[PDB]
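Notes follow the structure.
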Amino acid sequence: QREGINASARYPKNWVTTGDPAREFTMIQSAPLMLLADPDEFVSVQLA
Amino acid sequence: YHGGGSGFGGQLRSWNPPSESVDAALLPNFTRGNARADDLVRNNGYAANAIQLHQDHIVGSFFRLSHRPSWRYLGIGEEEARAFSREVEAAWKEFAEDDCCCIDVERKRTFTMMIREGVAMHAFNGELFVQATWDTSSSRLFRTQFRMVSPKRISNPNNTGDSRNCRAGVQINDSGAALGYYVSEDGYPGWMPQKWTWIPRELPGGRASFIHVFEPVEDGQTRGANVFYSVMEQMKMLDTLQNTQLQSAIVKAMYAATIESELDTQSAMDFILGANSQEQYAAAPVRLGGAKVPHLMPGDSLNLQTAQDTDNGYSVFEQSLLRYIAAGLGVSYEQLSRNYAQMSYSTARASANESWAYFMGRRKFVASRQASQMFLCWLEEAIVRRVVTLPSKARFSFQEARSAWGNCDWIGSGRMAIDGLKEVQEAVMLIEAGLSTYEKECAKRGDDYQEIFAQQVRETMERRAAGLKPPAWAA
Amino acid sequence: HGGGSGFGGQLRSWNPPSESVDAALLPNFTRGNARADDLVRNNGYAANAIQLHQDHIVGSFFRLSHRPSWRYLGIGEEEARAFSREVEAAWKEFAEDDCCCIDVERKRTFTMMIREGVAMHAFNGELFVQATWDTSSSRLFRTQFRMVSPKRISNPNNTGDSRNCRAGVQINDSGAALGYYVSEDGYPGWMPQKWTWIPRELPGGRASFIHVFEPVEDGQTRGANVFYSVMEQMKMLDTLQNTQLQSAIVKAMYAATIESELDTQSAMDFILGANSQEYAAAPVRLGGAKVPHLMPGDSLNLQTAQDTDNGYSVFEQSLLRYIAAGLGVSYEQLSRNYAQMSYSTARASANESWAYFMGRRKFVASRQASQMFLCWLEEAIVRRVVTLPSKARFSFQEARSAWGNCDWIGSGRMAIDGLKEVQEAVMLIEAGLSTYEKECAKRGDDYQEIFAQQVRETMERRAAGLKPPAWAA
Amino acid sequence: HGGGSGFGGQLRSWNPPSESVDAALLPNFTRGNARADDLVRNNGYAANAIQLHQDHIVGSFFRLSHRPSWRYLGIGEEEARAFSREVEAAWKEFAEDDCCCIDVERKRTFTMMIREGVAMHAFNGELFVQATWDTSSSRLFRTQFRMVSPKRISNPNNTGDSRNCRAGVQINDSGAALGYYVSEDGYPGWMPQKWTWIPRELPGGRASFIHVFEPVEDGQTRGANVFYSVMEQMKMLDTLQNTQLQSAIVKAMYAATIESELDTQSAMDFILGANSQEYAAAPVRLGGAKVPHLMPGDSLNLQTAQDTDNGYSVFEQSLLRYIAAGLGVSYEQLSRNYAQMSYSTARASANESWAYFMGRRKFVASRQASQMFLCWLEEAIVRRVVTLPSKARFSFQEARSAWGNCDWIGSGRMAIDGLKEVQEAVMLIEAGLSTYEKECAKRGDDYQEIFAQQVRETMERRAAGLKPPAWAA
């Protein structure tokens, strides 16, 4: 939010932690809610 | 130093700007900034005025080519170079401004339109892009057409993040030089997918596929920034100021008088104002007759509010802010604001000449560059089709001498005659003293010397044949 | 940073919905045109601005100059110029024809049509012209033209806009215009507004329909009027001036007040004089100065009113300058407030306005006039009323731009002084850095017929045997 | 005695420390440049200042004049001139290359290089350019220039500063720097930050790196931007204009006040028209005068507000004058203000500004251009594209300064009116005090190609048979 990239498909972030046991952490941030505008268009048939 | 440390008595103790590159400073909100710039240019009158001033002064109505290839560098005879320049200029003059208007794929712009649209896009966007491509249609002699593309289409594909090499859909190598661009298709209406496509900047053969022109400010910059960034808030808030001042003036003027009667509204109206005698809430409308001094009774009064000055310093404050925005935009305040009053001749000359110097610099650094790039791209196809005869004894071919063969300059609208007589006196005395040249003064006037000499000789011979009078150039 | 959030919040809530120019304009395209029409038809300043455009962009006349590329075509200069003279004579005798049948509407001439197009492109953003073949062959040329209002181009059956069909404009994938949809008149608004589809370019090489506008971004199918940047400001200006005038009317109309305890009729009779001997109330005569007497309790007090122009003039000044800046016309031209002005300042303002006007002229009027001229020239050459040189390397349909290459001459720049400018012109021609054609074109004529008429003048003078003019020997 | 304690104390506490400028600047070196960048990016005045700086120091064009010391080198004058013209031809055909190939980024030309460098030196104090030898065979030259912002050069890993490793600058004991620790690009802010050390000088005698700034005293390693004395007042003035605009906004917004015991909806209906009969309370139709009939106990108080500009214009005058003094630029060109000033006063202002600009040009742009020109010249010589004179007494490495002696020409002083200055130059030439190359340089041209072009022009005029120009016999 501070960098103003709140709207994005994917968000990478590599960030270090301070202190003597300093270490790096990697993160991918996403919020996917893929949908379809025509729910009834497709037809699914379970076979038997 | 002391100024940058903490501030006098604290003062700017909270001012800690995050020192970073312009990429980090601009890319995250680049789209928002460009959107605000587009909003300003579409709504605010001042922004449109400044854009039009840029359009009309950077290049103006016309933009003429002049090919001056490095004949000495290429080891070419001067007469052969002159012949080549003449034939290529003939081809360019019959091609670029064609009534076919098929210089663009959009089939609705001219070459001057190309230049001015590009310079405007750079002005209110920071950069300009033109796609120089090859069309398969053989109906035309030349199969090259252009299309300017707004910076909005150049974006990160699938609106993903950005990497070291990829920045808003721009591929840059280790040295940082850009090589390819992901351009998204237009999204009107917004109910169909926005699909990206990757395009290289140059063809494998050296033809520049995608011309990008902008003015970077620091090392590593990838996208140009519109000049309006520093003045966005000032413009927006001054627009709001003029709107609210209009509203306040409207209401304060509109409420003119009032009544303080103890009785009902309609009784007060028809015993203080009149009206009544209706035809068929809204109270009653009073016809505008004359005078009609009313009579009053104790406990009743009529008060005409005096309101106040509608422009109590608003004009001068707006004038100061207009000076501010003019300085920010780099154009003369008088030209921007149509405030051509109380100016001495020297003051007007100074403002005009400094603004014209700025405009000429912008012209040379944007329009000249873009025109040279597109002209050399066109000349590539021209010499591929051999519509122009290259000299036989050339020390170098075209592939190694793209710039040498494509060496050219441009002439837009000439130096506008502020007074005319003084300028023409200075020009003629320069010619007499031999300090200037016919080509130099014609270029400063927006002309060229070769064709003007040809026209003068033509008119000389025509009037000589007519037997009317020789002109002022004989023997 | 400046565009990020705003100092201390400020513009924290403003963020324009970034989309293409078509997405910004098309949704309210019709409403914008209607508002522009209302402003231009009911506002004095808008009418003044459009009149200024009409008089400056093209002026009262428009002369063609057809310069075919003889060198490009491999054509000798002699036959090139002879053919140019022939076609110029034909065009000049045909365009100003008193038949007025250059358009099937038969109410306009060539210059009038050019001015109509300029005006409607100025207050709408674009211009539409259709070229048609009149069935009647009585005229030598059976090609006529029709101006079309931009509102007459719209999506048939009120269908929504698509990828290729935007507001009655069918375009290719590349975005170039392919077809247009037009509707007949809708007056009175009770019968169907049917639709007709017209190809922009007939396959024969002729241009059936021409739509000229200045785009601001790629894919822009319809032009936008310059008014869009000044709509609300000029409407607010009109409202403010009107309400201020009404308020001044009221404040001046109420001047005096009389109060008394007894009957109003008697009070007015005994204070204002009145004509009681004859709600009509009591209108009074206007004779000489009069002084009444009043007992305590009554009082007649005049109202001091209020200054009717307390800064409203300065506010009008600022608003008018803003509107002029938005319109691109000079403030003095728009408002005719030519006060507190010096020679140099007026000259500079007129110069910049003239430069803008010349740019607009070249980009609108010259282009449309050249298009119309080449459309007429196609029919002319087809009907062989004129003949191309036999050595023509390329055919007319191949080199339409080359054959039909032409520029135009409009109204000249009328100087404030004239004396200085014409001294400059003569000094230019004597110094040789300019030429007769250039200066005559600047003033508003053509050196060719100027020289022909000079020959006529000297011939008449020598025939009369009075005095040779200053061009002889 | 003034510096001791002051009158009645006053400055009884103002005892700033006495230390080197490096000691007083380096700890906050980053903060100063950060604030300078903030101002230059989001301040109109700063952008105007930097644009004026670049456009006046350099302008549109920036050309070379190669004047080697043939007298010192013992070379014939004609051979020296031949070498100079050949190297000028090569340099001109190389510099204006359209591909921007002189830059590895391939997006800027030589004039753009100079302007960007001088601008970033202005708002940072210094400029950094490095030269690289690429392996690309597509061009005759393998040397390219790359810019480095002062942010990119700093102490690696933010290591503590030492006696010789100051801000990433490794300096010998004497006080001359020799190494730099540059940092890679900072975007995006997640990849590891890397450092690279570069010597300022290649062992072979070629300037691998160049850092140009003007020091203020001995021991200085980094420049100081021009904003170091003005930035606080600049930002304070920005805050003042913001808050004054807000105050004007709110004062204009609040105009009327309604007082009534009645419920607000009914009060609006009975006083301010309202449309309650048919959130944001209720919209008010803007119409006629609409005189109300407020009952006793009600008030319709119209707020007279307050004047928007109470001395703010004069305050901007004074503060802008102070900023102009701090920036070394004239207030007129700084603020686009040119009122109530005479011709002589304007000329004086332009004179002092131009003198300052010429000094700055010589001491920054000329030095940088000479450095990069000799860096290109050494590559050209080793590439043998140009042949050295046989009679060369000294080698190229020895006479590098002597071989590479050259000066530069930028945009000329476009004075107030033109006519007076050009006639005074002409009479200077008549009197023999000035010289042709001097005045053509001051105008921005070079007498050599001026004479060549005039010879060409008179040859063309002789061929066309119209008139010999003002140079014959």
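Those sequence lines, one after another, are chains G2, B5, b5 and b4.
Quick note: to get the deposited numbering, add 293 to the position in the first sequence (first position is 1).
Count the second sequence with the deposited numbering and you get residues 24 to 303, 318 to 512, in order.
Count the third sequence with the deposited numbering and you get residues 25 to 302, 318 to 512, in order.
Count the fourth sequence with the deposited numbering and you get residues 25 to 302, 318 to 512, in order.
Every residue, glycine too, gets a C-beta built ideally from N, C-alpha and C.
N188 (chain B5) sits exposed, since fewer than 16 C-beta atoms from the chains shown fall within 10 Å of its C-beta. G27, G28, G30, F31, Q34, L35, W38, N39, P40, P41, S42, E43, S44, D46, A47, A48 and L50: these are the residues of the region 27–51 of chain b5 whose beta carbon lies less than 8 Å from some beta carbon of chain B5, given in chain order. Counting along the chain, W214 (chain b4) sits inside no beta strand (DSSP E), nor does DSSP assign it H or E at all. At a cut-off of 8 Å, the C-beta of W219 (chain b4) has no neighbouring C-beta in chain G2. Think of a sphere of 7 Å around the beta carbon of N307 (chain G2): the chain b4 residues whose beta carbon falls inside it are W214, in chain order. Assignment of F237 (chain b5) by DSSP, reduced to helix, strand and coil, places it in the strand class.
Between the alpha carbons of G98 (chain b4) and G443 (chain b4) lies a gap of roughly 15 Å.
Within the region 379–391 of chain b5, the residues whose Cβ lies closer than 9 Å to any Cβ of chain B5 are, in chain order, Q379, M380, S381, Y382, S383, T384, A385, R386, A387, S388, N390 and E391. Straight through space, the alpha carbons of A70 (chain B5) and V240 (chain b5) are spaced by roughly 14 Å. If you compare the alpha carbons of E208 (chain b4), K430 (chain b4) and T426 (chain b4) with that of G199 (chain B5), the shortest gap goes to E208 (chain b4).
For the region 319–337 of chain b4, the set of residues with a beta-carbon nearer than 9 Å to any beta-carbon of chain b5 comprises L325, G326, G327, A328 and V330, in chain order. Per DSSP, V465 (chain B5) is one residue of the alpha helix (DSSP H) stretching across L458 to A470. Secondary structure at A408 (chain b4): helix, using DSSP grouped into helix, strand and coil.
Only those residues of the region 495–511 of chain b5 whose C-beta falls short of 9 Å from the nearest C-beta of chain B5 are listed: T497, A509, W510 and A511.
Three or more beta-carbon pairs separated by less than 8 Å are not found between the region 453–470 of chain b4 and the region 104–115 of chain b4, which leaves the two stretches without contact.
For the region 60–77 of chain b4, the beta-carbon criterion of a distance under 8 Å to any beta-carbon of chain b5 is satisfied by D62, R65 and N66. For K481 (chain b5), the uninterrupted alpha helix (DSSP H) segment begins and ends at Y475 to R482. Interface annotation, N182 (chain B5): not in contact with chain b5, CB-CB separation never under 8 Å. Assigned with DSSP and collapsed to three states, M258 (chain b4) falls in helix. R139 (chain b5) has its alpha-carbon roughly 22 Å from the corresponding atom of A113 (chain b5). For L226 (chain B5), not one C-beta of chain b4 is nearer than 8 Å to its own C-beta.
No Cβ of chain b5 is located within less than 8 Å of the beta carbon of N57 (chain b4). For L286 (chain b4), there is no enclosing beta strand (DSSP E), as DSSP marks it with neither H nor E. Judged by DSSP in its simplified three-state form, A438 (chain b4) adopts coil rather than helix or strand.
The CB of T474 (chain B5) comes closer than 8 Å to the CB of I489, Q492, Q493 and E496 in chain b4, given here in chain order. Per DSSP, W38 (chain b5) lies in no beta strand (DSSP E) segment and is marked neither H nor E.
By the criterion of at least three beta-carbon pairs nearer than 8 Å, the region 266–286 of chain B5 is not in contact with the region 370–382 of chain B5.
By the beta-carbon neighbour count (other beta carbons within 10 angstroms, threshold 16), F53 (chain b5) is buried. The beta carbon of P223 (chain b5) sits no closer than 8 Å to any beta carbon of chain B5. Shown in chain order are the members of the region 228–241 of chain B5 whose Cβ falls below 8 Å from a Cβ of chain b4: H235, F237, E238, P239, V240 and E241. Annotation for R406 (chain b5): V236 place their beta carbon closer than 8 Å to its own, counting only its chain and skipping 5 residues before and after. Approximately 7 Å separates the beta-carbon atoms of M255 (chain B5) and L63 (chain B5); this is inside 8 Å, confirming the contact. Secondary structure of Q75 (chain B5) (DSSP, three-state): helix. Taking C-beta atoms as the reference points, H80 (chain b5) and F396 (chain b5) count as a pair closer than 8 Å. By the 16-neighbour rule on beta-carbons within 10 angstroms, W447 (chain b4) is buried. Between the region 159–177 of chain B5 and the region 417–437 of chain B5 there are three or more inter-stretch CB-CB distances shorter than 8 Å, so the stretches are counted as touching.
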